[PDB]
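Chains as they are written, first to last, in PDB author numbering: chain J, 2 to 205; chain G, 4 to 245; chain I, 1 to 223; chain C, 2 to 201, 206 to 248; chain H, 1 to 199; chain A, 5 to 244; chain F, 4 to 239; chain B, 4 to 232.
We put the beta carbon where it would ideally sit given N, CA and C, even for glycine.
Written out below as structure tokens is the structure these notes cover.
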Amino acid sequence: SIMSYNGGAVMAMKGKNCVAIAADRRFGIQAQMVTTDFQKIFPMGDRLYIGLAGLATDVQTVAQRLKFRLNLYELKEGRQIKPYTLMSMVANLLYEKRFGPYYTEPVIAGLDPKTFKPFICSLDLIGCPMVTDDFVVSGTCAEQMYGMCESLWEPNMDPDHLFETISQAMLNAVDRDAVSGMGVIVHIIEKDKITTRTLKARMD
Amino acid sequence: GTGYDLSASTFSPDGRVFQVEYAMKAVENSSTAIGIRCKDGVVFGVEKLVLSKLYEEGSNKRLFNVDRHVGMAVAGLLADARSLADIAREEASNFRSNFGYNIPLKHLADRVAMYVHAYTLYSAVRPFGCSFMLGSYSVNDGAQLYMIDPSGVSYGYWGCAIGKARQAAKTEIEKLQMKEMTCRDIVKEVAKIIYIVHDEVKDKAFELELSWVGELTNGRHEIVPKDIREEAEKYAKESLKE
Amino acid sequence: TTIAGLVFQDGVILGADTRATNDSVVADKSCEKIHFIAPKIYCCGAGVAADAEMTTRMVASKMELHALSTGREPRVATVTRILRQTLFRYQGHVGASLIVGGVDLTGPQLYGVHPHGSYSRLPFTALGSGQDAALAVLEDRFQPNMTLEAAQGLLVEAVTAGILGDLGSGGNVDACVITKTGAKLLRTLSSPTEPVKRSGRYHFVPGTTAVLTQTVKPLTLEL
Amino acid sequence: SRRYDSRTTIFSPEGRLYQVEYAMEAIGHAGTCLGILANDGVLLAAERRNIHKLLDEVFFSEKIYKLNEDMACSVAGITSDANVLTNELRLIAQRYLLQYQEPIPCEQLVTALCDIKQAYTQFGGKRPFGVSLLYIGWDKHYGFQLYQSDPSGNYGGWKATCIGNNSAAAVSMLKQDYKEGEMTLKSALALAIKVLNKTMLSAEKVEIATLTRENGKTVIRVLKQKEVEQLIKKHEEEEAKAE
Amino acid sequence: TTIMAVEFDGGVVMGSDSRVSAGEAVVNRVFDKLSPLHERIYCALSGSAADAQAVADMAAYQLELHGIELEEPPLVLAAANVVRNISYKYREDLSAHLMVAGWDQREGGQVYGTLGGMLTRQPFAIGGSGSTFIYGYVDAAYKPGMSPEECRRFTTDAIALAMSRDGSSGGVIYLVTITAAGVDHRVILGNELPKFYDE
Amino acid sequence: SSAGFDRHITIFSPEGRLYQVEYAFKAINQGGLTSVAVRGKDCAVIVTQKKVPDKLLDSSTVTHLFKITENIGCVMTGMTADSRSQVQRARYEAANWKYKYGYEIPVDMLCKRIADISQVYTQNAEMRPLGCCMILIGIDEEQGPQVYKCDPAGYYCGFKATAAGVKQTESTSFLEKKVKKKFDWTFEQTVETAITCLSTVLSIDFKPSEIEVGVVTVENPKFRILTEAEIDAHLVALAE
Amino acid sequence: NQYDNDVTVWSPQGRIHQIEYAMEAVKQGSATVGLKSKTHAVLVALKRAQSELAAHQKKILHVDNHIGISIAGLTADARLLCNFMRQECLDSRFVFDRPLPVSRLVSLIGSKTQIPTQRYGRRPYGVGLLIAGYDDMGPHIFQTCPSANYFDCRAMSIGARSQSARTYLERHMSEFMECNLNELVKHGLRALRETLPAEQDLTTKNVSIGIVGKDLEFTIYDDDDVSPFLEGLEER
Amino acid sequence: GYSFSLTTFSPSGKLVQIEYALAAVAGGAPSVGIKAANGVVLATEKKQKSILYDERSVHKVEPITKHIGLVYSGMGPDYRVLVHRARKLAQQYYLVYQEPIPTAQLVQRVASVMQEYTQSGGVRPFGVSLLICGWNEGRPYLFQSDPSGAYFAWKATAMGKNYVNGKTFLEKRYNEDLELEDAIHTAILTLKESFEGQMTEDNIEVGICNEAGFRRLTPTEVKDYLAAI
Ligand SMILES: *[B]([O])([O])[C]([C]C1=[C]OC2=[C][C]=[C][C]=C12)[N]C(=O)[C]1[C][C]2[C][C][C]1O2
Ligand code: NA
Ligand code: NA
Ligand code: NA
Ligand code: NA
Ligand code: NA
């Protein structure tokens with residue numbers, strides 16, 4: 002499979018007035034680990050982040066081409082993009098290659114730059130958007146993440162409660178996936194601040 | 004009118020397109036051609052002035068076969084006329100490829116007239132210096148005679164004349180009750196009218212060109228055979244004396 | 001997916017389930033499959049989710065331009081034509097199976113549009129993986145000129161047969177009742193599966209996750 | 002058709018490009034626009050021509066355009082032509098960043114747009130863009146920079162320059178009081194207020214923007230009405246002390 | 001599908017079954033496969049539904065503009081060549097067989113086959129998956145000089161016979177009678193079908 | 005006032021006029037004919053001069069009334085070939101509309117479309133506007149009988165009654181006085197008004213072969229061209 | 004003049020001056036004669052030398068085994084039109100395996116050369132040809148002109164002072180069809196001579212001969228090959 | 004086609020074809036725009052040469068989308084080109100961002116089209132000035148876009164015949180805190196200043212824009228406003 006060539010896991014989770022976004026840190030080609038610090042989560046605003054798993058080259062191309070369109074947008078519009086608008090912008094980008102797609106399945110997490118209400122979503126490789134009020138997952142361990150998320154997720158978690166839930170859902174999911182891991186990075190997005198943490202994770 | 008007369012994409016202050024009127028002047032300055040619709044077909048006659056005795060008989064023909072059932076008679080700039088015969092031929096051929104039968108003459112005239120019209124709208128091209136007639140005969144359609152001018156106008160006729168003696172040939176055609184006459188009798192009258200409008204003083208010599216399409220030819224457009232042409236030329240010269 | 005449609009006495013009723021599956025794994029428990037085209041024209045989508053999303057979006061957009069220019073309420077046959085001719089050009093590669101239902105100056109109409117560009121006008125229809133369950137319920141009890149309440153009941157039963165019988169279908173029943181006086185969007189008209197609650201006492205004491213690195217970036221300076 | 006052809010990209014007998022020269026004449030009619038380079042920043046101070054009681058203030062500025070994270074510009078000429086060019090400057094900057102994953106060095110962004118303006122004067126048969134631009138920016142190669150470009154597609158880097166209405170008068174006034182290497186944006190702001198006061206003073210008719218470096222990040226800001234008024238009164242009070 | 005067209009003195013009769021099937025699934029059991037190309041010209045659709053509908057629509061559009069430029073209703077031969085040229089130009093990408101029949105003031109009632117881009121005028125013609133089982137029947141039952149009612153009866157019996165043997169044909173029978181007078185559309189319901197041996 | 009090429013091509017004059025568009029309106033009158041279109045309670049009728057000065061012409065081919073669709077007909081005034089080109093375009097646009105949208109093009113939409121095509125000639129310099137005027141009639145399913153007109157300028161509008169050609173100003177001055185009076189606009193009243201509008205304006209007592217009449221009714225919405233006998237029927241009624 | 008610089012511009016008299024100016028190019032070039040008998044088509048030409056130290060410009064060109072041409076006008080336009088004729092002939096032998104009927108090739112020249120006379124920025128071909136050929140309809144002499152018009156001829160002459168040659172050809176027209184090849188070439192040479200002033204005469208340097216017929220493929224005779232045809236008559 | 008510009012700089016640095024296009028706008032029928040606190044009004048003189056004109060067939064006040072509207076002064080046929088293009092541009096924005104186009108964004112995209120016609124080969128500029136109204140953040144928007152491709156945000160403005168006097172009349176009657184119903188009244192008053200004849204609900208056209216969107220006022224609503232005049 003093309004999606005399992007590099008591997009990786011990305012997940013987003015909604016809390017009470019906050020959102021979380023997490024990813025593994027492995028860069029590997031098939032069974033060979035190459036790098037243990039590969040960036041998969043890219044900031045698209047002060048309170049808006051995109052998580053990209055799948056084929057490494059396309060994770061980098063989609064993030065770069067999305068940043069291009071976003072910069073032109075905020076320059077023309079003279080305002081920070083809304084989470085839903087960034088989702089539509091990713092959908093258009095991905096669907097433009099409907100018959101030769103980028104091998105990536107995005108996850109978006111943020112707070113509205115005016116309403117501060119949490120937003121989470123995901124898109125398939127050809128840009129079909131899916132908004133949820135709990136969690137979204139993408140990666141080679143989507144079954145593992147769905148099991149962890151379905152069991153651990155609770156409705157109005159405080160930043161610290163959310164941090165523990167997303168951390169345990171990622172850690173335990175990627176530890177049953179051969180081609181995901183080498184560490185986990187988590188971003189907790191609040192109205193007042195962004196907390197970034199790397200976890201003590203398995204290195205095998 | 005000077006200034007407003009160099010381009011077909013320019014109207015003069017009084018709402019006229021002079022480049023089209025100047026193209027019509029080239030038709031008026033040309034020799035006369037006539038076409039008469041009768042009870043069983045259409046007959047064409049052309050006053051074909053001989054520019055030199057060195058040219059062969061039949062050179063610079065002004066009568067064309069545009070389709071097996073359609074004939075064309077021209078007046079004006081001859082290269083433009085031949086170019087229009089090729090457009091009409093290709094148009095008739097295209098209809099057969101699309102629908103599987105012979106193009107109806109009114110449709111062929113409408114189609115060709117719109118190519119002509121297209122050359123009256125822009126500075127990129129010039130209007131055709133040509134006026135032509137299309138004649139046909141079908142059992143379902145009857146006899147049909149159309150005439151297209153440099154502007155792109157197409158009309159159906161009973162009698163028609165284009166060129167130098169356009170009005171002179173018209174008053175002679177009006178003297179015929181062609182609706183109740185046959186192609187065989189009308190050929191005599193066509194040659195007669197050409198011999199009347201010819202200018203012996205201004206033009207040293209001319210050759211008569213005769214075409215026809217009717218019940219006699221089985222809807223085919225063809226030349227009037229040498230014998231029937233000689234009989235029409237003898238009758239035209241004999242009626243010129245008396 | 002189980003999407004169904006039905007023509008009754010005073011209009012049309014469109015029905016859909018709310019599950020999106022990613023190869024035997026339920027990704028979305030609550031997705032909207034009934035799309036807006038025009039105020040009195042709606043469309044149920046099945047097939048490739050992105051293709052159904054973008055084709056409905058495209059025709060709603062073309063229909064707004066059509067209505068703005070004409071100054072008239074749009075026709076159901078126009079959305080059928082536009083959809084048909086766009087799908088035909090793509091030779092089935094745009095995997096949109098659509099149920100177009102609506103009300104125009106000629107009354108209620110219902111159409112089935114397939115990915116290849118073929119269509120049919122019908123009194124009732126069903127599409128998606130759960131189409132045969134819905135179609136069995138419609139064939140069993142459809143009668144022409146049904147009352148709104150009788151037709152809504154038949155539609156909920158037809159979509160429910162697909163939800164329970166088809167593995168690729170689930171969640172809730174969404175419906176859209178289109179009449180001469182507009183459209184009433186009944187989001188979650190029925191939930192065949194009642195809240196499946198549990199003793200989900202899964203709480204982690206703060207500090208159970210071992211952290212190696214921490215960085216706090218404040219945003220109060222911008223606020 | 003040769004009769005109607007204006008012949009915009011041809012030479013005059015003195016080796017002159019008349020459409021370019023006629024475009025320069027238009028720039029003279031547009032609002033005064035100046036730029037001053039200092040050791041701690043750069044500035045653009047421009048005369049506002051959209052002054053009217055019934056005009057609504059919907060945009061951050063009138064003549065100041067952010068181009069990229071480290072650059073901004075100001076224009077003088079046909080405003081619609083300036084909107085075309087400023088949009089293209091943003092595309093060029095995004096294309097550079099997509100390619101190298103670094104911001105476009107200031108001079109490179111200027112030369113790129115200038116090559117497009119130059120093309121309009123050599124081929125195509127089209128009229129040139131009737132715009133002169135002043136660019137302010139920062140980069141890791143030359144730091145704080147000021148540039149000027151003309152309809153000809155010609156450019157130069159400057160310590161202080163002026164485009165638009167009374168440009169020559171403002172340039173000689175700048176030539177007198179600019180001290181090379183000893184300018185701070187506090188002293189450059191006072192020089193901008195002084196030059197504009199003669200070549201035109207109220208905050209309603211002025212528009213100032215600064216480009217500074219704060220914590221390894223570029224800060225581009227247009228001054229508030231309260232801020233501009235402090236600079237106007239500080240100039241008025243400096244003349245009141247001379248009397 | 002089972003489609004059929006018969007010429008008579010003064011017009012044509014066209015018939016079709018009503019089943020649209022995706023393999024073993026009947027997707028539409030009441031589909032009318034007789035489409036008007038003009039006032040007195042119809043076509044019978046078979047093969048790929050998407051292709052058949054696309055060709056029928058382009059032919060109807062081409063023929064409408066043709067009829068207006070010519071100031072007369074198109075000839076059935078012009079309709080036959082319009083469909084045939086499309087089917088032939090795109091024979092590798094199209095998989096439909098559109099039988100074209102109707103009436104003219106010039107040639108009257110005529111039936112044309114456009115199978116794979118060819119063109120043939122026939123006294124009667126049959127098409128579709130169901131036509132296979134009724135070749136012997138139409139050869140044994142066809143008689144020259146049939147009246148409009150005898151043609152309808154023949155088309156109905158032949159199509160009912162195919163509908164009973166062919167899994168891909170079924171439903172009701174749609175009939176269309178085109179004459180100088182106009183067109184008569186008729187439906188023979190699945191319960192009112194003519195009965196024959198069926199064991 | 006003129007500056008440069010503003011009298012030769014479609015560019016603004018110092019007053020903001022398009023001289024070339026103004027000259028295209030003068031080209032309509034070059035034909036010497038006048039047309040009238042009147043809308044009624046249940047119908048819409050068009051009438052124009054039919055001048056066949058030569059017995060040598062086939063009078064059946066001399067017309068200014070054209071069928072665009074089964075239910076839409078028009079009268080053309082102005083330059084003949086330009087008019088036949090515009091009718092051809094109208095026929096194409098109407099057929100193309102039904103192909104893409106699956107319903108018949110409304111009269112206002114066909115008129116708007118022709119007007120939009122004409123506006124291009126008004127803005128692009130390489131070509132001239134058509135020296136012709138199109139008046140379309142038809143019955144709208146929701147809105148009733150319709151009379152629409154478009155210009156060499158690209159303007160278009162719907163009307164209660166309208167005119168074109170040499171006596172447009174005189175025919176509109178007649179029609180606006182007749183529309184102001186109390187009338188129950190029957191088919192007979194709409195047809196007579198159009199005939200006696202053209203007759204009073206040209207100061208001519210018409211003969212059947214001297215005019216041509218086209219009509220659309222809610223009872224029979226197909227565009228119908230009147231025969232010499234049917235025209236004569238209305239002419240002898242006006243003699244009384 | 005305002006109706007002088009473009010082929011798309013008709014003058015108020017119904018004239019295209021640019022076509023009439025292109026016609027002049029033919030009149031400026033040296034004279035060439037073309038005539039025919041029942042079996043042969045002959046082309047005779049006056050080759051003009053720019054100096055005593057320069058050779059005499061090629062006036063006769065080979066098109067196909069059954070066709071040859073004589074030129075008068077712009078030589079680059081003559082070369083362009085000759086190359087067109089050669090290709091049209093080649094295509095006919097490739098597709099039909101049969102020589103292209105001469106009258107059909109002349110029709111193609113007429114269509115091809117008419118195109119630039121109706122398009123803006125384009126110009127007429129400034130060349131006139133005399134075409135000798137032989138096909139199922141026997142020998143032929145055709146004339147093509149910058150105006151795009153073409154003529155079927157019994158005989159013809161074009162170029163500088165060619166009216167003199169036409170006067171001779173009009174008189175002896177009656178003899179041509181029964182002449183033997185030597186008698187026919189002689190008639191062409193005498194017509195060519197008439198254009199020349201009374202001082203100069205036809206030499207083996209300024210004479211070119213082209214012949215095609217029932218038994219002869221298109222052959223060009225130029226210097227020593229011209230000598231046999233020259234010896235016969237030398238009076239006037 | 005003609006590939007050279009028809010608009011060029013004069014020796015005095017003027018784009019004379021854009022100045023002549025502005026004269027076409029100046030000769031056009033009056034148009035007024037007033038941005039009230041809770042909405043926007045667009046009013047125009049829809050005066051027809053005769054009674055024979057079917058008044059409800061064609062419109063001057065046109066919707067672009069559910070929340071954007073337009074009016075103009077100058078060339079009617081040129082206007083229709085810009086309306087079609089503006090409606091199209093608004094749909095492209097909606098397909099990509101799934102959110103109604105901000106008024107300023109639509110104005111900018113339509114101004115670009117207008118600028119093209121001042122530089123592109125073989126075309127003259129539009130002889131139209133547009134007045135675009137909209138509602139998007141939580142506020143009303145009124146913009147003017149002129150033949151050169153330049154745009155301006157306005158609190159209130161006039162265009163066409165007697166526009167300089169209409170703007171002075173608006174200058175003294177504008178209050179930033181106006182209600183939409185009060186702005187409609189003073190918009191009809193601005194038109195009355197230059198209107199020649201008796202103003203009825205059939206020879207004037209009004210369009211409004213608020214949190215509910217953009218719509219035209221019916222002749223019955225226009226009659227009720229004229230009742231207080
Ligand atoms: B027949 O040959 O079995 C039939 C023709 C048919 C049925 O429905 C239509 C609709 C429009 C035109 C033709 C037509 N074919 C089918 O029913 C099949 C179902 C679907 C998959 C192949 C083909 O189209
Ligand atoms: Na996913
Ligand atoms: Na792992
Ligand atoms: Na390992
Ligand atoms: Na069966
Ligand atoms: Na023009």
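Sufficient close CB pairs (3 or more, under 8 Å) joining the region 45-59 of chain I to the region 188-202 of chain I: As far as the Cβ criterion goes, the region 45-59 of chain I does not touch the region 188-202 of chain I, which means the pair count is below three.
Run of the beta strand (DSSP E) containing B:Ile-232, from where it starts to where it stops: For the purposes of this step, residue 232 of chain B is taken as the residue at position 229 of the eighth sequence. Per DSSP, B:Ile-232 belongs to no beta strand (DSSP E) and is neither H nor E.
Short CB-CB distance (under 8 Å) between I:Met-54 and chain J: For the purposes of this step, residue 54 of chain I is identified with residue 54 of the third sequence, where counting begins at 1. It does: the Cβ of I:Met-54 has a partner Cβ on chain J nearer than 8 Å.
6 Å CB neighbourhood of A:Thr-73 in its chain, flanking five on each side removed: For this step, residue 73 of chain A is matched to residue 69 along the sixth sequence. Sequence-distant Cβ neighbours of A:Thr-73 in its own chain, meaning closer than 6 Å and more than five residues away, are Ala-98.
Neighbour list for J:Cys-129 in chain I, Cβ cutoff strictly below 7 Å: To locate residue 129 of chain J, count along the first sequence from 1; it is residue 128. Contacts between J:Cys-129 and chain I, judged by CB atoms closer than 7 Å, involve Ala-49, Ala-50 and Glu-53 in chain order.
Under 9 Å by beta carbon: chain G residues contacting F:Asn-86: Numbered from 1 along the seventh sequence, position 83 holds the residue referred to as residue 86 of chain F. The premise fails here: F:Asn-86 is roughly 21 Å from chain G at the closest Cβ pair, so nothing lies under 9 Å.
Residues near J:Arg-198 in its chain [Cβ-Cβ closer than 6 Å; skip 5 each side]: The residue labelled residue 198 of chain J in the question sits at position 197 within the first sequence. The residues are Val-187.
Which of helix, strand or coil DSSP assigns to C:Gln-146: Here residue 146 of chain C is taken as the residue at index 145 of the fourth sequence, counted from 1. Strand, per DSSP.
Chain F contact residues for G:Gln-22, given Cβ-Cβ distances below 7 Å: Locating residue 22 of chain G in the second sequence gives position 19, counting from the first residue. Within chain F, the residues placing a beta-carbon under 7 Å from that of G:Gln-22 are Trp-13, ordered along the chain.
Host beta strand (DSSP E) of J:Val-137 (start-end): Numbered from 1 along the first sequence, position 136 holds the residue referred to as residue 137 of chain J. J:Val-137: member of the beta strand (DSSP E) spanning 136-140, first to last residue.
Identity of the residue in F:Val-66, F:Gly-124 and F:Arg-51 nearest F:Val-105 by Cα: Mapped onto the seventh sequence, residue 105 of chain F falls at position 102. It is F:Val-66 whose Cα lies nearest to the Cα of F:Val-105.
Contact set for A:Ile-199: own chain, Cβ-Cβ below 8 Å, skip 5 residues either direction: Counting from one through the sixth sequence, the residue named residue 199 of chain A turns up at place 195. Result list for A:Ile-199: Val-51, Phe-210, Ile-215, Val-217, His-238, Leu-239 and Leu-242, in chain order.
Residue interval of the beta strand (DSSP E) (run including B:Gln-147): Taking the eighth sequence and counting its residues from 1, one reaches residue 147 of chain B at position 144. Per DSSP, the continuous beta strand (DSSP E) segment holding B:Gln-147 begins and ends at 143-148.
Outcome for I:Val-211 when other beta-carbon atoms lying within 10 angstroms are tallied against a minimum of 16: Position 211 of the third sequence holds residue 211 of chain I. The C-beta of I:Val-211 has fewer than 16 other C-beta atoms within 10 Å across all chains shown, which makes the residue exposed.
Heavy atom of ligand 6 within 7 Å of A:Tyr-125 beta-carbon: The sequence position of residue 125 of chain A within the sixth sequence is 121, counting from 1. Yes, the beta carbon of A:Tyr-125 sits closer than 7 Å to at least one heavy atom of ligand 6.
DSSP-derived helix/strand/coil call for F:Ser-106: Locating residue 106 of chain F in the seventh sequence gives position 103, where the first residue counts as 1. Assignment of F:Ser-106 by DSSP, reduced to helix, strand and coil, places it in the helix class.
Proximity test, J:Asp-205 beta-carbon vs ligand 4 heavy atom, cut-off 7 Å: On the first sequence, position 204 is the one that residue 205 of chain J refers to. J:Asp-205 has its Cβ nearer than 7 Å to a heavy atom of ligand 4.
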